[PDB]
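In order, the protein sequence lines correspond to chains D, C, A and B.
Under the authors' numbering, the first residue of the first sequence is numbered 686, with each subsequent residue one higher.
Under the authors' numbering, the first residue of the second sequence is numbered 688, with each subsequent residue one higher.
The third sequence lines up with residues 305 to 417, 421 to 460, 465 to 548 when you count with the authors' numbering.
The fourth sequence lines up with residues 304 to 460, 472 to 548 when you count with the authors' numbering.
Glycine residues also receive a C-beta, built at the ideal position from the N, C-alpha and C atoms.
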Amino acid sequence: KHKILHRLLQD
Amino acid sequence: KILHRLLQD
Amino acid sequence: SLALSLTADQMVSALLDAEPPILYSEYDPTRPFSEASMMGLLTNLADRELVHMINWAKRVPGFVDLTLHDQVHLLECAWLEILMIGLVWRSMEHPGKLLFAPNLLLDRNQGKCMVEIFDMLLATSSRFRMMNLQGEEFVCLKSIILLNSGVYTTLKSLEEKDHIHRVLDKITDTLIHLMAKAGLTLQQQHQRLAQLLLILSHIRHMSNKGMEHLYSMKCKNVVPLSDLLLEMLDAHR
Amino acid sequence: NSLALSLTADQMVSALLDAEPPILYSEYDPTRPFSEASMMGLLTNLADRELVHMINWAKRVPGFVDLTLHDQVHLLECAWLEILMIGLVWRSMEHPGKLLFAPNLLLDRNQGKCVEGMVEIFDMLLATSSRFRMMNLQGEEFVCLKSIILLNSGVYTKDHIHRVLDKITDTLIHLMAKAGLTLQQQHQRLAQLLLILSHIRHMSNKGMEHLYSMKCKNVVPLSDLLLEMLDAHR
Ligand SMILES: Oc1ccc(C(=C2Cc3ccccc3C2)c2ccc(O)cc2)cc1
Ligand SMILES: Oc1ccc(C(=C2Cc3ccccc3C2)c2ccc(O)cc2)cc1
């Protein structure tokens, strides 16, 4: 599903 | 309206 | 104006005595279930509950000091929230199930298409159970929903909201009085007060989602809504 | 064990004030939007940039990074429009009858009429801002409320979050006692503040339907990030 939020929350 | 007259009842 | 002169104990007694009865549905376990009759059972049930809810509201201290136009607005905004918190309170001692009526327990497996709203109601119920919510606290929360949910939607219609805010403050005082009499320390009283009022945010959320599902059920033209429910639903255009 | 529960009340206030996102600007073109396409274009662009600051703001809310990545995603997906709206209401506080979306973008309800369904949410935001102004809401209180929204709007969608939520309650009471309020005034104001969070939830639900309708209209281009934030609400 790979959300943009997943990436942005890591940094 | 139904609610109006039930309230003033 | 009686409401503003009532003591905390008189406020609790006034709310408890005004409690609506718990109604039965027309459910028949022998009758085969479906996806239209079950919502038909809930629709018929909500419609009869609304008649008691209206009479309950007129016994809520301060409600009848409002004009008829404001009483209509508050009920039109809060009716589904009030039904839902009644359902959640009714279901406290039935974990994993919603007690719509003494003869109608439903778990998540029934309830078909609706399951998201069902889970939210189940979570609020276990939340009340974890907090050990008392009946004196519940009747306060339910009266808060009635006065607050539509308070932020002329000429001197500002003095009407000032009366509502003062009565709301009176209910907050009554809530603190209940917790202090239960032995809660001052920090516990404030924390529990916050916890209870935060649940009201979730109750509003479930009502907004219920209104959308009911609007969809109407446009599907399958489940017939009653004349009052149609008008109550129409208020949330 | 979380570092968030070991903070004092002052440390909690300082951490939240230091995490505050900045106030962003809209486009510097000075035409007042009266089109739905021009108005929703500026608001969507604004909100898209604000979301990037919100994500990094939330990571600095005490207790938030103790959650799993999935839990962080879920809370932000549920709360993002509530957080944008309470921020809008906050900075519109000193502009009665006006919404300050940006320092160079103040909209009145006469412009909200240019989009079907917008003026209704416009008036609710206006009434909320007027409520904050009449209560003399302080910045230290605002950031406590904004954090509560982030943590509470998606809890039951848990022991850790409720402990952090209790911590913020102590912090709110700490600010009111510090401001000289009596014991009775403290719990009454606490209730008045938290009951507004019910209306903030209501406005977000109505706003989310308005953005879903705008998506189906397909005239306003939505970013992939706003699209996934919007799609999360089913
Ligand atoms: O026409 C209707 C109006 C209200 C309802 C009630 C709902 C409760 C509920 C639960 C899951 C999904 C939808 C709904 C709506 C509901 C019914 C009774 C009650 O005491 C509380 C809520 C259902 C049909
Ligand atoms: O793509 C968008 C995402 C969010 C918005 C914001 C809304 C605020 C608002 C007010 C009335 C009707 C709809 C909406 C949405 C909004 C924008 C900025 C902000 O600071 C707060 C809310 C608008 C477009």
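Coarse secondary structure for residue i, derived from DSSP in three states
| i | result |
| --- | --- |
| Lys401(A) | strand |
| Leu479(B) | helix |
| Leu440(A) | coil |
| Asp411(A) | strand |
| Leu306(B) | helix |
| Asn359(A) | helix |
| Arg335(B) | coil |
| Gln506(A) | helix |
| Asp696(D) | coil |
| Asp374(A) | helix |
| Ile689(D) | helix |
| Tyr328(B) | coil |
| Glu323(B) | coil |
| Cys530(A) | helix |
| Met342(A) | helix |
| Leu495(B) | coil |
| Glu419(B) | coil |
| residue 462(A) | For chain A, the structure lists 460 followed at once by 465, and that leaves residue 462(A) out of the model. |
| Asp369(B) | coil |
| residue 461(A) | For residue 461(A), nothing is modelled; it lies in the interval where chain A passes from 460 to 465 with no residues in between. |
Closer than 7 Å: residue i CB and nearest ligand 2 heavy atom
| i | result |
| --- | --- |
| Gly400(B) | no |
| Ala405(A) | no |
| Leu391(B) | yes |
| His488(B) | no |
| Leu540(B) | yes |
| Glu353(B) | yes |
| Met396(B) | no |
| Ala546(A) | no |
| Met315(B) | no |
| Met388(B) | yes |
| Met438(B) | no |
| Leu536(B) | yes |
| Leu384(B) | yes |
Contacts of residue i in chain C (Cβ-Cβ under 9 Å)
| i | result |
| --- | --- |
| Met543(A) | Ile689, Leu690 |
Distance cut-off 7 Å: residue i Cβ against heavy atoms of ligand 1
| i | result |
| --- | --- |
| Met342(A) | no |
| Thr347(A) | yes |
| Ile424(A) | yes |
| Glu380(A) | no |
| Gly521(A) | yes |
| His524(A) | yes |
| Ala350(A) | yes |
| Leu408(A) | no |
| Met517(B) | no |
| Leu428(A) | yes |
| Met421(A) | yes |
Within chain A, the residues that residue i reaches when beta carbons sit closer than 8 Å
| i | result |
| --- | --- |
| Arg434(B) | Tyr459 |
| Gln314(B) | Those do not exist, as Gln314(B) stays about 18 Å from chain A at its closest Cβ, beyond 8 Å. |
| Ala430(B) | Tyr459, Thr460 |
Listed by chain order, chain D residues near residue i by CB distance under 8 Å
| i | result |
| --- | --- |
| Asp538(B) | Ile689 |
Amino acids of chain A, ordered along the chain, whose beta-carbon sits closer than 7 Å to that of residue i
| i | result |
| --- | --- |
| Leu508(B) | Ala505, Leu508, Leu509 |
| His516(B) | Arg515, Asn519 |
Cross-chain neighbours of residue i in chain B, by beta carbon under 9 Å
| i | result |
| --- | --- |
| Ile358(A) | What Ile358(A) touches in chain B: nothing, since even the nearest Cβ is about 22 Å away. |
Interface partners of residue i on chain B, CB under 8 Å
| i | result |
| --- | --- |
| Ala546(A) | The premise fails here: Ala546(A) is roughly 12 Å from chain B at the closest Cβ pair, so nothing lies under 8 Å. |
| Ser468(A) | Ordered by position in chain B, no residue passes the 8 Å Cβ test against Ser468(A), which lies about 12 Å from the chain. |
Within chain B, partners of residue i - CB distance below 7 Å
| i | result |
| --- | --- |
| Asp480(A) | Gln502 |
| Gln414(A) | Going along chain B, no residue has its Cβ under 7 Å from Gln414(A), so there is no contact; the nearest lies around 21 Å. |
| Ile487(A) | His501 |
| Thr483(A) | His501, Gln502, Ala505 |
Any non-hydrogen atom of ligand 4 closer than 7 Å to residue i Cβ
| i | result |
| --- | --- |
| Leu497(B) | This structure lacks ligand 4; the ligands present are ligand 1 and ligand 2. |
Per-residue contacts from residue i into chain A (C-beta, under 9 Å)
| i | result |
| --- | --- |
| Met396(B) | Residues of chain A passing the Cβ test: none, with the nearest at roughly 15 Å. |
Check: Quick one, which residues of the region 365-392 of chain B are near chain D if we go by CB-CB under 8 Å, in chain order?
Finding: Taking 8 Å as the Cβ-Cβ cut-off against chain D, the residues of the region 365-392 of chain B that qualify are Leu372, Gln375, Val376, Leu379, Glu380.
Item checked: Members of the region 440-455 of chain B near chain A, C-beta cut-off 9 Å -> Listed by position, the residues of the region 440-455 of chain B near chain A (Cβ gap below 9 Å) are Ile451, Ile452, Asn455.
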